[PDB]
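Working notes, beginning with the structure itself.
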Number of protein chains: 2
Amino acid sequence: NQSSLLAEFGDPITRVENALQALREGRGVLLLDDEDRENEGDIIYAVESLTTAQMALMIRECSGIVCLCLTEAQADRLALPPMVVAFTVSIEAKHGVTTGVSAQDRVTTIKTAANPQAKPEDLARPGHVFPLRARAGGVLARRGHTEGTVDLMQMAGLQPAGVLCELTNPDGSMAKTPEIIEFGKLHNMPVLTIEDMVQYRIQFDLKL
Amino acid sequence: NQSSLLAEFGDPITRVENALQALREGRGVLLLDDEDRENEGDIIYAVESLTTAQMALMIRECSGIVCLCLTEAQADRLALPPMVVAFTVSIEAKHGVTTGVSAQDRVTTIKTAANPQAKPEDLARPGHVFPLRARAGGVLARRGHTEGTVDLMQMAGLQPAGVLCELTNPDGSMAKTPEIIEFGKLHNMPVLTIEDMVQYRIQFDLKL
Ligand SMILES: CC(=O)[C@@](O)(COP(=O)(O)O)C(O)O
Ligand SMILES: CC(=O)[C@@](O)(COP(=O)(O)O)C(O)O
Ligand SMILES: [Mn+2]
Ligand SMILES: [Mn+2]
């Protein structure tokens, strides 16, 4: 079962603690959601430590639809409305980029958007970076990779902005627990679940 | 120079004719835009012949932001407004898909959207497929990969719906003419330019 497969990453509390330390070290983590939800694994990176190499791995090994998980406050600061009456309108840096799709341009757009001093005019719309508004309460309100990203950053003591993308197998199928475990071992990325995070937050009265 | 590098693909007319035949054979082509525009190469496939394997190659070797090039008429049939007051709101098949990111789900969404008998209720919004409205006149009106895709399909006698994505190098940089030429040789894909198509259409009074 999933718990048996992830037991080599440790018990749920150790899986959360190892992931938080990986992010504090500027490294990525793999977050699995519920098996009855998407049963999908996402590469997660802190924006504060984001590099062109990390973005290039995400584009090469994931869907290529790299999402920028922001707080509702940061999304409001950037005047980002929902795309349709939690994908917001897509975004590009107004300055510092060319076509916007290059790993470097996506990082330039992500850093511009996550800047706590950012202004809406810093971002042109539409673009090739997809911001997602995290629900207030995080995984304790909505059990999605969007909320897991903000909560991982807040619990690691980092800026509440992270990038996520769905790990995709070479044949186009979406990675399932065994493929995610192998990818994490190969790329030294800790693997954890939203369930691990929810129980960690409830046990450590972790209001964020 | 670019013309010298593409001379091995033939003269401009042969580059267009070989690309059209590749599409009639259900194979993909690589379209370069102007070097003073994006200087980017896109993998192009007809939707009529689209396979999960072709979609998986596109996701693995391109940006992962796979766009569905539609006529303004097909976009109006699907009630697709521009994303911001030519990216439309993103789309997912309402039926036949799970999370929408899998190569198979993206093809299911693309075939549902390009169906000449499609109705807006067939597509949920937002999603992981990005439709683009082609300008009336195609490359003779706008010199973009969006217009090159519709024109390639119409000139090949195929349904006017195609998928495009920007060829991306493993390091996250965007492929330039030499990398595009090598990728085309390796994957048996003809390489051509918007300039080749514009001159072909003007010389053969090709109103579409
Ligand atoms: C990009 C994703 O990861 C989604 O998984 C969106 O994120 P959520 O898990 O719903 O928060 C995708 O399924 O659209
Ligand atoms: C996906 C692309 O290819 C764009 O190139 C959009 O297509 P256009 O070439 O502008 O028609 C990208 O640059 O947003
Ligand atoms: Mn998800
Ligand atoms: Mn283009």
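Residue numbering restarts at 1 in every chain; chains get A, B, ... in the order shown in the structure tokens, and ligands count up from 1 in that same order.
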
Please provide the set of residues having any atom within 10 Å of residue 152 in chain B, restricted to only C-alpha atoms, with same-chain residues fewer than 6 positions apart removed, written as a list in words.
residues 16, 17, 19, 20, 21, 23, 29, 31, 44, 45, 46, 138, 139, 158, 160, 161, 162 and 197 of chain B

All residues within 8 Å of ligand 2 are required, counting only C-alpha atoms and all ligand atoms; please report them as a list in words.
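The residues near ligand 2 are residues 99, 100, 101, 127 and 128 of chain A; 33, 38, 40, 42, 65, 66, 67, 86, 87, 132, 134, 143, 144, 145, 146, 147, 148, 164, 165 and 166 of chain B.
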
Keeping only N, CA, C and O atoms, write those residues as a short mmCIF file (atom, residue, chain, number, x, y, z; two decimals), in the first residue's frame.
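Contents of the output file result03.cif:
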data_model
loop_
_atom_site.label_atom_id
_atom_site.label_comp_id
_atom_site.auth_asym_id
_atom_site.auth_seq_id
_atom_site.Cartn_x
_atom_site.Cartn_y
_atom_site.Cartn_z
N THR A 99 10.22 35.95 -24.78
CA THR A 99 8.97 35.24 -25.19
C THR A 99 8.25 34.73 -23.93
O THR A 99 7.05 34.47 -24.04
N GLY A 100 8.94 34.52 -22.81
CA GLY A 100 8.32 34.14 -21.52
C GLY A 100 8.36 32.65 -21.22
O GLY A 100 8.19 32.30 -20.05
N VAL A 101 8.64 31.77 -22.19
CA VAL A 101 8.56 30.28 -22.01
C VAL A 101 9.88 29.69 -21.50
O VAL A 101 9.83 28.62 -20.88
N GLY A 127 0.13 35.28 -20.11
CA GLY A 127 1.52 34.81 -20.09
C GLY A 127 1.73 33.31 -20.04
O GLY A 127 0.80 32.59 -20.42
N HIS A 128 2.90 32.85 -19.59
CA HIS A 128 3.27 31.41 -19.56
C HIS A 128 3.48 30.94 -18.11
O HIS A 128 3.94 29.83 -17.97
N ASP B 33 9.44 30.78 -36.68
CA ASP B 33 8.86 32.11 -37.00
C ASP B 33 10.04 33.02 -37.39
O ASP B 33 11.17 32.50 -37.50
N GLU B 38 10.09 35.88 -32.41
CA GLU B 38 10.44 35.02 -31.24
C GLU B 38 11.69 34.18 -31.57
O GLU B 38 12.32 33.71 -30.62
N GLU B 40 11.73 31.24 -32.54
CA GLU B 40 11.37 30.00 -31.82
C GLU B 40 10.83 28.97 -32.82
O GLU B 40 10.25 29.38 -33.82
N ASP B 42 8.33 25.53 -33.27
CA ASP B 42 7.18 24.85 -32.64
C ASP B 42 6.95 23.48 -33.27
O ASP B 42 7.02 23.41 -34.49
N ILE B 65 3.20 23.86 -22.45
CA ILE B 65 2.01 24.74 -22.63
C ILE B 65 1.53 24.43 -24.05
O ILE B 65 1.82 25.21 -24.95
N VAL B 66 0.88 23.27 -24.23
CA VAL B 66 0.41 22.79 -25.57
C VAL B 66 -0.83 23.60 -25.95
O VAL B 66 -1.82 23.51 -25.22
N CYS B 67 -0.79 24.33 -27.06
CA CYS B 67 -1.90 25.21 -27.50
C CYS B 67 -2.70 24.53 -28.61
O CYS B 67 -2.09 23.81 -29.39
N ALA B 86 -3.06 35.28 -28.46
CA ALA B 86 -4.55 35.28 -28.45
C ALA B 86 -5.06 34.13 -27.57
O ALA B 86 -5.93 33.38 -28.03
N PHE B 87 -4.55 34.01 -26.34
CA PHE B 87 -4.94 32.95 -25.39
C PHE B 87 -6.41 33.12 -25.00
O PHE B 87 -6.76 34.23 -24.58
N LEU B 132 -6.08 28.86 -29.07
CA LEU B 132 -5.61 30.15 -29.65
C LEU B 132 -6.45 30.43 -30.90
O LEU B 132 -6.55 29.54 -31.74
N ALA B 134 -6.90 31.80 -34.44
CA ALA B 134 -6.06 32.18 -35.59
C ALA B 134 -6.67 33.43 -36.23
O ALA B 134 -7.89 33.50 -36.31
N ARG B 143 2.04 36.87 -38.62
CA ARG B 143 3.16 35.93 -38.87
C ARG B 143 3.48 35.15 -37.58
O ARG B 143 4.63 35.20 -37.15
N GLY B 144 2.50 34.45 -37.01
CA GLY B 144 2.67 33.68 -35.77
C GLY B 144 2.49 32.19 -35.99
O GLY B 144 1.88 31.82 -36.99
N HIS B 145 2.99 31.36 -35.07
CA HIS B 145 2.87 29.89 -35.15
C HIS B 145 1.38 29.52 -35.15
O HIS B 145 1.05 28.50 -35.75
N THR B 146 0.53 30.32 -34.50
CA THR B 146 -0.94 30.07 -34.42
C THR B 146 -1.47 30.06 -35.87
O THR B 146 -2.05 29.06 -36.30
N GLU B 147 -1.16 31.10 -36.64
CA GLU B 147 -1.65 31.23 -38.04
C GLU B 147 -0.97 30.18 -38.94
O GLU B 147 -1.64 29.64 -39.82
N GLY B 148 0.32 29.93 -38.74
CA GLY B 148 1.05 28.92 -39.53
C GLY B 148 0.40 27.55 -39.36
O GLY B 148 0.28 26.84 -40.34
N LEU B 164 0.13 23.12 -31.21
CA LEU B 164 1.51 23.67 -31.28
C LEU B 164 2.11 23.78 -29.89
O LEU B 164 1.33 23.91 -28.94
N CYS B 165 3.43 23.68 -29.76
CA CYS B 165 4.16 23.90 -28.49
C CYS B 165 5.60 24.29 -28.87
O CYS B 165 6.07 23.79 -29.88
N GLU B 166 6.27 25.10 -28.07
CA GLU B 166 7.62 25.64 -28.39
C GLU B 166 8.68 24.59 -28.02
O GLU B 166 8.74 24.21 -26.86
#

Quick one: residues within 10 Å of residue 85 in chain A, only C-alpha atoms counted, chain neighbours fewer than 2 positions away excluded, as a PyMOL selection string?
(chain A and resi 81-83) or (chain B and resi 125-126)

Requested write-out: N, CA and C atoms of the selected residues, as a PDB file, in the first residue's frame:
ATOM      1  N   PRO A  81      -7.373  38.477 -10.997  1.00  0.00           N
ATOM      2  CA  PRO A  81      -8.704  37.945 -10.844  1.00  0.00           C
ATOM      3  C   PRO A  81      -8.728  36.460 -11.232  1.00  0.00           C
ATOM      4  N   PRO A  82      -9.723  35.648 -10.809  1.00  0.00           N
ATOM      5  CA  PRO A  82      -9.823  34.257 -11.275  1.00  0.00           C
ATOM      6  C   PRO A  82      -9.925  34.250 -12.809  1.00  0.00           C
ATOM      7  N   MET A  83      -9.333  33.265 -13.493  1.00  0.00           N
ATOM      8  CA  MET A  83      -9.316  33.198 -14.986  1.00  0.00           C
ATOM      9  C   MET A  83     -10.763  33.160 -15.489  1.00  0.00           C
TER      10      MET A  83
ATOM     11  N   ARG B 125     -14.269  24.912 -18.141  1.00  0.00           N
ATOM     12  CA  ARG B 125     -13.196  25.934 -18.015  1.00  0.00           C
ATOM     13  C   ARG B 125     -13.021  26.236 -16.517  1.00  0.00           C
ATOM     14  N   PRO B 126     -11.807  26.439 -15.960  1.00  0.00           N
ATOM     15  CA  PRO B 126     -10.545  26.407 -16.711  1.00  0.00           C
ATOM     16  C   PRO B 126     -10.049  24.981 -16.983  1.00  0.00           C
TER      17      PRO B 126
END

List the spatial neighbours of residue 171 in chain B as a tab-separated table (two decimals) with N, CA and C atoms, in the first residue's frame - criterion: any atom at most 9 Å away, only C-alpha atoms, same-chain residues fewer than 5 positions off excluded.
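Output saved as around.tsv:
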chain	number	residue	atom	x	y	z
A	52	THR	N	17.16	28.58	-12.56
A	52	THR	CA	16.80	28.22	-13.96
A	52	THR	C	16.90	26.69	-14.09
A	53	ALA	N	17.87	26.05	-13.42
A	53	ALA	CA	18.08	24.58	-13.48
A	53	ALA	C	16.87	23.86	-12.85
A	56	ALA	N	14.00	24.21	-15.26
A	56	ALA	CA	14.26	23.36	-16.44
A	56	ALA	C	13.94	21.89	-16.11
A	57	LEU	N	14.28	21.42	-14.91
A	57	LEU	CA	13.96	20.03	-14.49
A	57	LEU	C	12.43	19.90	-14.45
A	60	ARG	N	11.07	19.78	-17.99
A	60	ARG	CA	11.50	18.52	-18.66
A	60	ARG	C	10.80	17.29	-18.07
A	103	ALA	N	13.06	28.66	-19.31
A	103	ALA	CA	13.12	28.39	-17.85
A	103	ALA	C	13.47	29.71	-17.14

Using DSSP secondary structure from the backbone, list all helix (DSSP H, G or I) positions within range 18-195 of chain A, as a ChimeraX atom specification.
/A:18-24,52-61,72-77,103-114,120-122,138-140,145-155,177-186,194-195

Separation of CA of residue 88 in chain A and CA of residue 157 in chain A, in Å?
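Answer for the CA of residue 88 in chain A to CA of residue 157 in chain A separation: 25.7 Å.
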
Please return, as an NGL selection string, all residues of range 5-201 of chain B that DSSP assigns to strand (DSSP E) on the basis of the backbone.
:B and (29-32 or 41-46 or 67-70 or 91-93 or 123-133 or 162-166 or 191-193)

Output N, CA and C atoms for every residue in the selection just made, as an mmCIF file, in the first residue's frame.
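Contents of out.cif, freshly written:
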data_model
loop_
_atom_site.group_PDB
_atom_site.id
_atom_site.type_symbol
_atom_site.label_atom_id
_atom_site.label_comp_id
_atom_site.auth_asym_id
_atom_site.auth_seq_id
_atom_site.Cartn_x
_atom_site.Cartn_y
_atom_site.Cartn_z
ATOM 1 N N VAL B 29 5.457 18.464 -37.915
ATOM 2 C CA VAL B 29 6.413 19.357 -38.626
ATOM 3 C C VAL B 29 6.957 20.357 -37.603
ATOM 4 N N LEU B 30 8.059 21.036 -37.905
ATOM 5 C CA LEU B 30 8.667 22.061 -37.017
ATOM 6 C C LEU B 30 8.583 23.400 -37.750
ATOM 7 N N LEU B 31 7.845 24.368 -37.216
ATOM 8 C CA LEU B 31 7.653 25.702 -37.840
ATOM 9 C C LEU B 31 8.488 26.748 -37.090
ATOM 10 N N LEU B 32 9.429 27.392 -37.768
ATOM 11 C CA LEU B 32 10.251 28.500 -37.226
ATOM 12 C C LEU B 32 9.510 29.799 -37.572
ATOM 13 N N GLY B 41 11.042 27.681 -32.549
ATOM 14 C CA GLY B 41 10.535 26.583 -33.386
ATOM 15 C C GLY B 41 9.450 25.851 -32.632
ATOM 16 N N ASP B 42 8.334 25.528 -33.274
ATOM 17 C CA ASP B 42 7.184 24.845 -32.639
ATOM 18 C C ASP B 42 6.953 23.480 -33.275
ATOM 19 N N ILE B 43 6.702 22.442 -32.486
ATOM 20 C CA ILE B 43 6.243 21.141 -33.030
ATOM 21 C C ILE B 43 4.779 21.409 -33.395
ATOM 22 N N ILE B 44 4.337 21.057 -34.596
ATOM 23 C CA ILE B 44 2.935 21.222 -35.075
ATOM 24 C C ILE B 44 2.387 19.837 -35.439
ATOM 25 N N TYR B 45 1.172 19.491 -35.022
ATOM 26 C CA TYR B 45 0.483 18.233 -35.391
ATOM 27 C C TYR B 45 -0.957 18.544 -35.798
ATOM 28 N N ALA B 46 -1.503 17.844 -36.778
ATOM 29 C CA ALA B 46 -2.933 17.935 -37.131
ATOM 30 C C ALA B 46 -3.704 17.279 -35.982
ATOM 31 N N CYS B 67 -0.789 24.327 -27.058
ATOM 32 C CA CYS B 67 -1.901 25.206 -27.496
ATOM 33 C C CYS B 67 -2.704 24.531 -28.612
ATOM 34 N N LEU B 68 -4.020 24.742 -28.647
ATOM 35 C CA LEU B 68 -4.924 24.207 -29.690
ATOM 36 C C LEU B 68 -5.279 25.375 -30.614
ATOM 37 N N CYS B 69 -4.709 25.387 -31.816
ATOM 38 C CA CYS B 69 -4.992 26.470 -32.786
ATOM 39 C C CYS B 69 -6.342 26.231 -33.473
ATOM 40 N N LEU B 70 -7.307 27.131 -33.266
ATOM 41 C CA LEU B 70 -8.662 26.978 -33.862
ATOM 42 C C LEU B 70 -8.994 28.154 -34.771
ATOM 43 N N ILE B 91 -9.183 25.135 -21.320
ATOM 44 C CA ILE B 91 -10.328 24.188 -21.488
ATOM 45 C C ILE B 91 -9.977 22.751 -21.071
ATOM 46 N N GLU B 92 -10.959 21.955 -20.644
ATOM 47 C CA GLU B 92 -10.827 20.509 -20.330
ATOM 48 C C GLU B 92 -12.058 19.840 -20.935
ATOM 49 N N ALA B 93 -11.979 18.601 -21.385
ATOM 50 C CA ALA B 93 -13.179 17.855 -21.802
ATOM 51 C C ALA B 93 -14.025 17.719 -20.529
ATOM 52 N N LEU B 123 -17.018 21.364 -23.177
ATOM 53 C CA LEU B 123 -15.744 21.840 -22.574
ATOM 54 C C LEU B 123 -15.996 22.536 -21.240
ATOM 55 N N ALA B 124 -15.287 22.142 -20.194
ATOM 56 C CA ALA B 124 -15.309 22.811 -18.884
ATOM 57 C C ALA B 124 -14.163 23.819 -18.895
ATOM 58 N N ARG B 125 -14.269 24.912 -18.141
ATOM 59 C CA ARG B 125 -13.196 25.934 -18.015
ATOM 60 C C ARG B 125 -13.021 26.236 -16.517
ATOM 61 N N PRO B 126 -11.807 26.439 -15.960
ATOM 62 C CA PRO B 126 -10.545 26.407 -16.711
ATOM 63 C C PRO B 126 -10.049 24.981 -16.983
ATOM 64 N N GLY B 127 -8.879 24.834 -17.606
ATOM 65 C CA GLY B 127 -8.290 23.518 -17.905
ATOM 66 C C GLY B 127 -6.798 23.505 -18.183
ATOM 67 N N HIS B 128 -6.297 22.469 -18.856
ATOM 68 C CA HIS B 128 -4.850 22.275 -19.143
ATOM 69 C C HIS B 128 -4.584 22.320 -20.659
ATOM 70 N N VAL B 129 -5.574 22.617 -21.509
ATOM 71 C CA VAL B 129 -5.388 22.823 -22.981
ATOM 72 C C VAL B 129 -5.667 24.311 -23.214
ATOM 73 N N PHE B 130 -4.842 25.017 -23.990
ATOM 74 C CA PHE B 130 -4.922 26.485 -24.200
ATOM 75 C C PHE B 130 -5.318 26.773 -25.656
ATOM 76 N N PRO B 131 -6.605 27.013 -25.982
ATOM 77 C CA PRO B 131 -6.973 27.325 -27.356
ATOM 78 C C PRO B 131 -6.453 28.703 -27.803
ATOM 79 N N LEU B 132 -6.076 28.862 -29.065
ATOM 80 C CA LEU B 132 -5.610 30.148 -29.645
ATOM 81 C C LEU B 132 -6.450 30.432 -30.900
ATOM 82 N N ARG B 133 -7.037 31.620 -31.011
ATOM 83 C CA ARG B 133 -7.852 32.030 -32.183
ATOM 84 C C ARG B 133 -6.892 32.463 -33.290
ATOM 85 N N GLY B 162 -5.087 22.430 -35.313
ATOM 86 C CA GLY B 162 -3.757 21.848 -35.079
ATOM 87 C C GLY B 162 -3.274 22.156 -33.680
ATOM 88 N N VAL B 163 -2.325 21.392 -33.149
ATOM 89 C CA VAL B 163 -1.740 21.623 -31.801
ATOM 90 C C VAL B 163 -0.319 22.156 -32.011
ATOM 91 N N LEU B 164 0.129 23.120 -31.209
ATOM 92 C CA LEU B 164 1.509 23.665 -31.285
ATOM 93 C C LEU B 164 2.109 23.777 -29.886
ATOM 94 N N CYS B 165 3.430 23.677 -29.762
ATOM 95 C CA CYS B 165 4.165 23.900 -28.491
ATOM 96 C C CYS B 165 5.603 24.289 -28.866
ATOM 97 N N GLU B 166 6.272 25.100 -28.066
ATOM 98 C CA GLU B 166 7.616 25.639 -28.386
ATOM 99 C C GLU B 166 8.683 24.591 -28.023
ATOM 100 N N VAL B 191 11.240 20.684 -41.522
ATOM 101 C CA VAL B 191 11.425 22.029 -40.899
ATOM 102 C C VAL B 191 11.102 23.086 -41.956
ATOM 103 N N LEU B 192 10.332 24.121 -41.614
ATOM 104 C CA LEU B 192 10.021 25.256 -42.530
ATOM 105 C C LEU B 192 9.877 26.539 -41.710
ATOM 106 N N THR B 193 9.715 27.688 -42.362
ATOM 107 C CA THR B 193 9.579 29.012 -41.709
ATOM 108 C C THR B 193 8.235 29.645 -42.073
#

Would you kindly return, as a ChimeraX atom specification, each protein, DNA or RNA residue with an atom no farther than 6 Å from any atom of range 183-189 of chain A, considering only C-alpha atoms and excluding same-chain residues fewer than 2 positions away?
/A:28-29,180-181

Residues near residue 200 in chain B, cut-off 10 Å, only C-alpha atoms, skip fewer than 5 positions along chain, as a list in words:
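Once the nearby chain positions are removed, what remains is residues 12, 13, 14, 15, 16, 17, 194, 195, 205 and 206 of chain B.
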
Pull N, CA and C atoms from the residues just selected and write them as a PDB file, in the first residue's frame.
ATOM      1  N   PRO B  12      12.522  27.021 -50.315  1.00  0.00           N
ATOM      2  CA  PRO B  12      11.305  27.342 -49.570  1.00  0.00           C
ATOM      3  C   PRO B  12      10.043  26.577 -50.023  1.00  0.00           C
ATOM      4  N   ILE B  13       9.813  26.419 -51.324  1.00  0.00           N
ATOM      5  CA  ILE B  13       8.572  25.765 -51.857  1.00  0.00           C
ATOM      6  C   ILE B  13       8.596  24.285 -51.443  1.00  0.00           C
ATOM      7  N   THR B  14       9.748  23.625 -51.541  1.00  0.00           N
ATOM      8  CA  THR B  14       9.914  22.188 -51.189  1.00  0.00           C
ATOM      9  C   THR B  14       9.727  22.031 -49.675  1.00  0.00           C
ATOM     10  N   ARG B  15      10.191  22.999 -48.889  1.00  0.00           N
ATOM     11  CA  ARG B  15      10.071  22.937 -47.409  1.00  0.00           C
ATOM     12  C   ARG B  15       8.565  22.961 -47.071  1.00  0.00           C
ATOM     13  N   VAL B  16       7.773  23.804 -47.736  1.00  0.00           N
ATOM     14  CA  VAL B  16       6.294  23.862 -47.510  1.00  0.00           C
ATOM     15  C   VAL B  16       5.674  22.545 -47.993  1.00  0.00           C
ATOM     16  N   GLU B  17       6.023  22.078 -49.193  1.00  0.00           N
ATOM     17  CA  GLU B  17       5.384  20.876 -49.804  1.00  0.00           C
ATOM     18  C   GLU B  17       5.677  19.646 -48.927  1.00  0.00           C
ATOM     19  N   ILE B 194       7.788  30.665 -41.337  1.00  0.00           N
ATOM     20  CA  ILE B 194       6.556  31.431 -41.708  1.00  0.00           C
ATOM     21  C   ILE B 194       6.869  32.108 -43.056  1.00  0.00           C
ATOM     22  N   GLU B 195       8.119  32.536 -43.262  1.00  0.00           N
ATOM     23  CA  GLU B 195       8.541  33.212 -44.518  1.00  0.00           C
ATOM     24  C   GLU B 195       8.294  32.257 -45.692  1.00  0.00           C
ATOM     25  N   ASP B 205      -1.418  32.106 -55.281  1.00  0.00           N
ATOM     26  CA  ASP B 205      -2.699  32.825 -55.005  1.00  0.00           C
ATOM     27  C   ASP B 205      -3.531  31.931 -54.089  1.00  0.00           C
ATOM     28  N   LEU B 206      -2.986  31.544 -52.925  1.00  0.00           N
ATOM     29  CA  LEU B 206      -3.657  30.574 -52.017  1.00  0.00           C
ATOM     30  C   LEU B 206      -4.527  31.344 -51.020  1.00  0.00           C
TER      31      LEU B 206
END

Excluding same-chain residues fewer than 3 positions from residue 207 in chain A, what lies within 10 Å of it counting only C-alpha atoms, as a list in words?
residues 137, 138, 140, 151, 155, 201, 202 and 204 of chain A

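Nearest residue to chain B, choosing from A:159, A:149, A:98, A:154 and counting only C-alpha atoms: A:98.
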
Please determine, counting only C-alpha atoms, which residue among B:39, B:122, B:18, B:27 has the shortest atom-to-atom distance to residue 176 in chain B.
B:39
